[PDB]
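Chains as they are written, first to last, in full-length UniProt numbering: chain D, 1 to 390, 399 to 422, 431 to 453, 469 to 512; chain X, 173 to 287; chain Z, 59 to 80, 86 to 115; chain H, 460 to 516. Yeah, the Cβ is synthetic: ideal placement off N, Cα and C, and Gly gets one too. What follows is a set of notes on a single structure, which appears directly below.
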DNA sequence: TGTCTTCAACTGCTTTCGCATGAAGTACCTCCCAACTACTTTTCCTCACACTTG
DNA sequence: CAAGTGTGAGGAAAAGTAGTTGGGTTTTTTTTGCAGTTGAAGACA
RNA sequence: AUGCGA
């Protein structure tokens with residue numbers, strides 16, 4: 001403990017306690033006896049005209065009458081205050097380096113897991129989807145630790161997480177990429193685009209030392225951007241050796257035929273050309289671990305080639321259907337019916353993806369936006385943009409002001433199921449073409480192909496020419512009969 | 173100023189608040205009214221201070237307390253000196269100044285002595 | 059009101075930068096008329112966290 | 460400055476406003492009794508300087 | 001060289017005892033603090049042109 | 001004619017810190033009564 | 001010191 005005495009103790013009895021009798025004017029023994037002082041000073045009368053400029057003023061360097069014999073204090077250096085304030089304004093983050101990276105690491109860790117479980121709820125793909133995804137990143141982590149020391153090139157990127165989920169899904173081979181991406185954007189199924197979730201509140205603050213803040217969808221994918229990292233992850237992963245049948249899916253073909261001019265025959269046509277020179281009669285697999293940092297026209301992005309065969313098939317098939325199985329007036333009817341139209345969720349989604357306002361292929365639909373499409377758009381904004389967010401501080405005043413403002417314009421709401437489903441729309445346009453049974472048709476064919484180029488290209492990293500660069504590639508591949 | 177009693181109660185006040193006072197640092201203060209010489213009118217006064225001004229001062233004198241539209245006032249005194257001299261009193265920067273009244277007369281308007 | 063008549067009667071307070079200009088000097092180095100035109104009083108208001 | 464003067468009643472200016480004193484101009488409304496409150500606004504003072512006079516005329 | 005007379009400027013006080021116990025003054029000067037908007041700082045992420053080959 | 005190595009810059013964002021202004025304490029150093037007395041202007045032998 | 005009880 002501290003001691004007593006920093007003023008007085010009763011030298012009579014050894015009782016080191018002190019009483020104050022303010023009525024007496026006396027400092028006395030708390031336990032025992034006597035007068036600790038008869039003298040008592042400063043409780044002035046009725047005479048303080050205050051002429052005294054009394055410039056002095058206490059400032060704790062001349063001590064004090066000590067009128068508390070009660071004490072404990074401590075040795076002081078001289079006004080903690082600055083050290084006190086330094087300590088109050090300390091708990092923040094002020095980190096950086098390996099430590100910051102570990103939590104940057106951690107946060108990345110968590111959001112992916114949150115991503116995966118919505119994955120299960122949406123797809124109901126049992127322990128299986130969950131555990132494969134976990135070891136996939138366990139494998140990813142393995143590599144990160146090795147080149148540690150102070151290496152802080154963890155790639156990841158807003159893209160890396162979905163590449164991870166993508167590769168894991170392919171191992172399992174549940175779906176597709178474009179479909180997955182459009183679905184995800186449309187329903188914000190992924191926690192992908194905003195990184196505020198986590199349960200970081202704190203990770204947010206850990207002055208995620210430059211790292212973390214870089215979290216949060218930062219932006220939407222360009223041309224490559226996303227197929228490139230998948231390759232990096234595979235090289236990171238050595239994924240092809242580890243997992244079976246990657247990039248495959250007779251389901252992407254189905255998705256694609258139904259996508260539009262779904263021809264109860266073009267599935268087998270394109271499946272056949274794929275059969276053909278499409279990797280020698282074999283389901284093309286996940287490209288490799290493009291180890292090199294330059295990431296060139298890998299192009300063996302299997303799907304990228306699937307869409308290419310898809311397109312090719314259509315015009316080849318349709319611009320030498322000698323037997324005339326596909327009528328002149330039939331081709332434009334399909335492209336016809338195609339013109340825009342609502343979407344039991346899908347087309348509305350593709351509008352939401354179009355609105356990344358990229359290379360201006362959908363920008364104008366931006367403009368046009370077929371009436372309601374306009375309406376169900378604002379509907380999806382009032383539901384799925386709300387998370388939007390929650399000024400912290402800056403007046404519990406402006407927060408209030410903001411609230412008031414919102415209240416003011418209160419916005420929202422100052431046979432049913434109109435937006436029919438997907439296979440409903442699909443049915444009704446193949447019916448809209450159900451009347452089935469020279470220069471112009473060539474033009475029509477080109478017209479139609481540009482459209483699909485729009486569609487397939489729009490879900491994906493496009494390259495208003497890589498696409499065709501891609502196209503060009505297999506064109507060349509083909510003529511070695 | 174213009175609140176009806178009901179509104180005044182709705183504003184946490186004594187339904188009859190007369191006002192007229194000032195809340196300064198929370199303490200209600202009003203300015204005490206003062207009785208001063210009636211403005212703008214010459215009041216004939218005999219005062220021994222006038223003798224206290226110096227030699228040749230009589231008791232007699234006139235005091236008019238002129239107040240401007242803005243209500244600031246300026247007191248003007250005439251003294252009859254025992255010698256017949258008339259002096260004009262005024263105050264500026266709270267200092268007193270004496271001038272012969274015939275000076276302020278010839279100064280106000282161009283005139284003859286016979287005027 | 060009384061206060062605005064008062065400010066109309068106080069008039070001006072003139073100051074010369076000390077004539078300089080190098086008659087420049089003697090005939091003042093420009094006049095610097097100053098004054099108070101109007102006086103307004105507003106009902107008590109309080110804005111917190113300052114502006115905004 | 461006017462809160463100053465209104466808080467002490469020491470009105471000071473380079474003219475003295477033509478007043479014989481520089482204090483006492485302001486009083487606390489002292490709401491201890493409604494009578495007291497209304498009476499302040501019907502109180503009129505001859506001024507402190509005559510409080511200083513020794514006579515009673 | 002010696003003594004006297006009147007007037008004007010300066011000194012000290014003119015109720016006792018206590019409550020509200022004292023309070024906040026205010027010219028002249030300013031360096032520090034709180035604010036709104038714009039600019040700058042640190043870590044991290046991703047792709048391209050050229051030289052040489054078939 | 002064509003496919004594959006080598007490598008420096010282009011790009012995005014939250015939190016902190018810059019420029020310009022203002023607010024704002026903090027900071028600091030004009031007679032109104034009495035009774036007595038000294039020095040004066042004036043006068044004398 | 002201003003107002004006030006006695």
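Compare the beta carbon distance of residue i and residue j with 8 Å and say whether it is the shorter of the two.
{"i": "residue 342/D", "j": "residue 435/D", "result": "yes"}
{"i": "residue 254/X", "j": "residue 238/X", "result": "no"}
{"i": "residue 63/Z", "j": "residue 74/Z", "result": "no"}
{"i": "residue 159/D", "j": "residue 115/D", "result": "no"}
{"i": "residue 223/X", "j": "residue 232/X", "result": "no"}
{"i": "residue 495/D", "j": "residue 365/D", "result": "no"}
{"i": "residue 33/D", "j": "residue 67/D", "result": "no"}
{"i": "residue 103/D", "j": "residue 203/D", "result": "yes"}
{"i": "residue 205/D", "j": "residue 110/D", "result": "no"}
{"i": "residue 191/D", "j": "residue 107/D", "result": "no"}
{"i": "residue 334/D", "j": "residue 449/D", "result": "yes"}
{"i": "residue 193/X", "j": "residue 185/X", "result": "no"}
{"i": "residue 179/D", "j": "residue 486/D", "result": "no"}
Is residue i close to chain Z, meaning its C-beta is less than 8 Å from at least one C-beta of that chain?
{"i": "residue 246/X", "result": "no"}
{"i": "residue 405/D", "result": "yes"}
When the cut-off is 8 Å and only beta carbons count, does residue i lie next to chain X?
{"i": "residue 69/Z", "result": "no"}
{"i": "residue 460/H", "result": "no"}
{"i": "residue 481/H", "result": "no"}
{"i": "residue 112/Z", "result": "no"}
{"i": "residue 465/H", "result": "yes"}
{"i": "residue 64/Z", "result": "yes"}
{"i": "residue 437/H", "result": "A question about residue 437/H goes unanswered here, because the residues of chain H that appear run from 460 up to 516."}
{"i": "residue 517/H", "result": "The requested residue 517/H does not occur in the structure, where chain H is confined to residues 460 to 516."}
{"i": "residue 91/Z", "result": "no"}
{"i": "residue 60/Z", "result": "yes"}
{"i": "residue 484/H", "result": "yes"}
{"i": "residue 505/H", "result": "yes"}
{"i": "residue 471/H", "result": "no"}
{"i": "residue 498/H", "result": "no"}
Within 10 Å of its beta-carbon, does residue i have 16 or more other beta-carbons around it, so buried, or fewer, so exposed?
{"i": "residue 471/D", "result": "exposed"}
{"i": "residue 303/D", "result": "buried"}
{"i": "residue 475/D", "result": "buried"}
{"i": "residue 61/Z", "result": "exposed"}
{"i": "residue 490/D", "result": "buried"}
{"i": "residue 511/D", "result": "exposed"}
{"i": "residue 174/X", "result": "exposed"}
{"i": "residue 287/D", "result": "buried"}
{"i": "residue 52/D", "result": "exposed"}
Taking 8 Å as the CB-CB cut-off, is residue i touching chain H?
{"i": "residue 184/X", "result": "no"}
{"i": "residue 200/X", "result": "yes"}
{"i": "residue 193/X", "result": "yes"}
{"i": "residue 173/X", "result": "no"}
{"i": "residue 196/X", "result": "yes"}
{"i": "residue 150/X", "result": "Since the displayed chain X opens at 173 and closes at 287, residue 150/X lies outside it and no answer follows."}
Is any heavy atom of the ligand GTP found at a distance shorter than 7 Å from the C-beta of residue i?
{"i": "residue 213/X", "result": "Ligands are entirely absent from the displayed structure, and the ligand GTP is therefore not among its contents."}
Taking residue i and residue j to be in contact with their CB atoms under 8 Å, please state how far apart those CB atoms are, rounded to whole angstroms.
{"i": "residue 234/D", "j": "residue 167/D", "result": "7 Å"}
{"i": "residue 254/D", "j": "residue 155/D", "result": "With a Cβ gap of about 33 Å, residue 254/D and residue 155/D do not count as contacting."}
{"i": "residue 196/D", "j": "residue 216/D", "result": "7 Å"}
{"i": "residue 236/X", "j": "residue 272/X", "result": "Contact doesn't hold; Cβ gap of about 18 Å is too wide."}
{"i": "residue 506/H", "j": "residue 206/X", "result": "6 Å"}
{"i": "residue 498/D", "j": "residue 488/D", "result": "5 Å"}
{"i": "residue 372/X", "j": "residue 211/X", "result": "Coverage of chain X is limited to positions 173 through 287, which leaves residue 372/X absent and any answer about it impossible."}
{"i": "residue 265/X", "j": "residue 474/H", "result": "7 Å"}
Given a limit of 8 Å on CB to CB distance, which residues of the segment 212-244 of chain X reach chain Z? Result list: 240, 241, 242, 243, 244.
In chain order, what residues of the segment 254-277 of chain X put their CB closer than 9 Å to some CB of chain H? Hits within the stretch, in order: 263, 264, 265, 266.
Just by C-beta distance, which residues in the segment 487-502 of chain D are closer than 9 Å to chain Z? Within the segment 487-502 of chain D, no residue has a Cβ that lies closer than 9 Å to any Cβ of chain Z.
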